[PDB]
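Asker: no FASTA, just this:
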């Protein structure tokens, strides 16, 4: 045909998405969501570059270009190699976890700070060469905050982390805002809450109990509760975490303004409230699977875990998360357990 | 003699002080004060290592060891060379100024961030080798803050700098707290206010007028005022700036706690208030030397200059500064003009 009466295409030109830390729980779920959605929001996903220290799997049901490989962003030339592929959106999710960063000073700074700096500089240099200006969505963390902390923590509260991991994230945030301001890329920092319920198997992190006391009982398994019911912490589901990333990739950076690092919404809840939600949703017999076995070493660490945030700016900007533990538990049942406890 | 009835020595063993940025206005005045005092507070100063990109002068009236040389902390091996000399106290004052850092992305990050990181890592490595654990007093800046800012700015207000210089300082602050926590050195970050009155000659920085409109009239010279009287900014004298450094070198780090970066006291004042102080102290004829010549480019920048701070923690910890512009002007007359306008 010859006659058109206005815009015709559903879609713009396709886009290339890169995910660093693609083999982690968040990265895999992000990849899966992007495949399912097909586009972001009006650009079809034409290619994934998927990088992690552990080999990422090519996503099932995706028919576009895939470059999935095991690589360390901190290693010589790797940042440049990614940037030469000119991805339109870069999700930077990779980090060595706090427990590891605390025990290995060098490794944490190398992977969590230097690797990020190398990526940011490779982008900067390409921006200078040919105007390359990608969307960069970086996962920061509530670990950027350190005690003493008010409850709730306001948007303007300073970052005084008491871990090297939190320090590394806080520095990456500052670099992200400065490079964004100077126009090298369009950066958005996403400060993830604790992910609850974390799917899979009990991870040895002192804080694993926040998920263990729900995840295991929901499948008829026992779990240890090492702390008292009054302990208060700040949470969002894996679904929500992924939602933050999708939203951050498309948000108008002019609405965000120069303060590009955002405290995400989530839920402040006590351990007692988690258990009551488990009782309501899964029943007395599930709650009965929780073994109260005090551990004074974990209890001492509760002081340094953030109680909760106002998240005012992020909510105004359209980020959303769960508002009850019943919701968190429902998300887990729907997303991990096939919608049924049988 | 043979009999002692208690402690006898005024002084402990001598100490070695290093000053990086020693040839700058603050560094030279710091050196001079330390020579005059003779000790800190009970350790005689036995040696100065004085380093700056411009050759520092050996201080007059000092009889101890002097190692004064032109060097760049960011250059290969320089950080290690300083640390091999094992100074007891390190005053890290060096930086390329914001105007330069903004126009030269690479140079600012190299000198203001990387050089500091190299120093901190050289100390860390020595701490691992032989327990070397110096006092490190770092000059940060109110440049770590960026608009929109409340007046006054509370101690817990986040660092969202809108310059690369402020970004570099904010990152150095975070590194300083983390290395201090991990026990590599005893770090204290000193966030300097604007120095007023800055001695010498009009510096071309857009903000030079804050000093120019007092300094020049006090010696019968004209000065341009490019902004309206309502403009509000946050100031301390050179004497006070030096006082912060002396205090920071000796303060009990346990009283400071893990948040090692401190907003200094100072004075919030309008331009009108500066002029009224000049009128009171120097008279109508001095005020008459100020030429009101609006400059819309400087005026636009006033928005991004910090109005004033609470400085609650720093005042509780014994840091002090001027509380009126009459005091600031009196300090300038005493310290720069021989106590007299003739």
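Answerer: Sure thing, it's come through. Numbers count the residues shown, from 1 in each chain, chains lettered A, B, ... in the order given.
Asker: quick one, strands of the stretch 201-342 of chain A?
Answerer: With DSSP state E, counting those that start in this stretch as the criterion, the stretch 201-342 of chain A has strands at A:223-225, A:232-236, A:261-263, A:267-270, A:290-292.
Asker: My guess is residue A:273 contacts residue A:325. True?
Answerer: Yes: between residue A:273 and residue A:325 a contact is recorded at 5.9 Å, counting by CB atoms under 8 Å. Bear in mind the C-beta positions are built from the backbone N, C-alpha and C, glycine included.
Asker: returning to what we had before: what's the closest of the strands of the stretch 201-342 of chain A to chain B?
Answerer: Each of these was scored for nearness to chain B using CB to the nearest CB, and the closest is strand A:261-263 (8.4 Å).
Asker: What are the contacting residues of that closest one?
Answerer: By CB atoms under 8 Å, 6 or more residues apart in numbering or on different chains, the residues outside strand A:261-263 that reach it are A:140, A:142, A:153, A:155, A:173, A:176-177, A:188-191, A:248, A:256, A:309-311, A:313-314, A:317, A:319.
Asker: Sheet-wise, list the partners of that strand with their directions.
Answerer: strand A:186-192 (parallel) (DSSP bridges).
Asker: one step back: most neighbours per residue, which of the strands of the stretch 201-342 of chain A?
Answerer: Greatest average neighbour count among these goes to strand A:261-263 (a mean of 26), per mean count of other CB atoms under 10 Å in any protein chain shown.
Asker: ok, which residues in the stretch 1-150 of chain A are in contact with chain B?
Answerer: When proximity is defined as CB under 8 Å from any CB of the partner chain, the stretch 1-150 of chain A approaches chain B at A:105, A:124, A:146.
Asker: Output these in JSON lines; the columns should cover secondary structure and neighbour count.
Answerer: As requested, these are exported to JSON lines (DSSP: H, G, I helix; E, B strand; the rest coil; neighbours: other CB atoms under 10 Å in any protein chain shown):
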{"residue": "A:105", "secondary structure": "helix", "neighbour count": "17"}
{"residue": "A:124", "secondary structure": "helix", "neighbour count": "19"}
{"residue": "A:146", "secondary structure": "coil", "neighbour count": "21"}
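Asker: got a list of what the spatially closest residue to residue A:208 that is not a sequence neighbour touches?
Answerer: Excluding the flanking residues, the one nearest residue A:208 by CB to CB, 6 or more residues apart in numbering or on different chains is residue A:202, at 5.4 Å. Applying CB under 8 Å, 6+ apart to residue A:202 gives the contacts A:208, A:211, A:212, A:215, A:216, A:223.
Asker: who does the nearest residue to the fifth one once chain neighbours are set aside bridge with?
Answerer: Leaving out its chain neighbours, the residue that sits closest to residue A:216 by CB to CB, 6+ apart is residue A:223, at 4.0 Å. Taking DSSP bridges, one obtains residue A:290 as the residues bridged to residue A:223.
Asker: Would you agree residue A:223 is in contact with residue A:211?
Answerer: No: in this structure residue A:223 lies outside contact range of residue A:211 using CB under 8 Å: 9.0 Å.
Asker: burial count for residue A:294?
Answerer: Neighbour count for residue A:294, taken as other CB atoms under 10 Å in any protein chain shown: 12.
Asker: My error: substitute residue A:191 in the last question.
Answerer: Counted by other CB under 10 Å, the residues lying close to residue A:191 total 26.
Asker: any idea what sits nearest it, other than its immediate chain neighbours?
Answerer: Going by CB to CB, 6+ apart, residue A:191 has residue A:140 as its nearest residue, at 4.6 Å.
Asker: my read is that neighbour is in a helix, agree?
Answerer: No: assignment of residue A:140 by DSSP: H, G, I helix; E, B strand; the rest coil gives strand, placing it outside any helix.
Asker: So it is in contact with residue A:167, correct?
Answerer: No: contact between residue A:140 and residue A:167 fails when scored by CB under 8 Å: they sit 11.7 Å apart.
Asker: between these two, who's got more neighbours?
Answerer: Applying other CB under 10 Å to residue A:140 and residue A:167 shows that residue A:167 carries more neighbours, namely 30 against 25.
Asker: which SS state does that one fall under?
Answerer: Under the three-state scheme (three-state DSSP), residue A:167 adopts helix.
Asker: Can you tell me, leaving aside adjacent residues, what's nearest to it?
Answerer: Nearest non-adjacent residue to residue A:167, counting by CB to CB, 6+ apart: residue B:178, 4.1 Å away.
Asker: The one you found: neighbouring residues, count only.
Answerer: By the criterion of other CB under 10 Å, residue B:178 has 26 neighbours.
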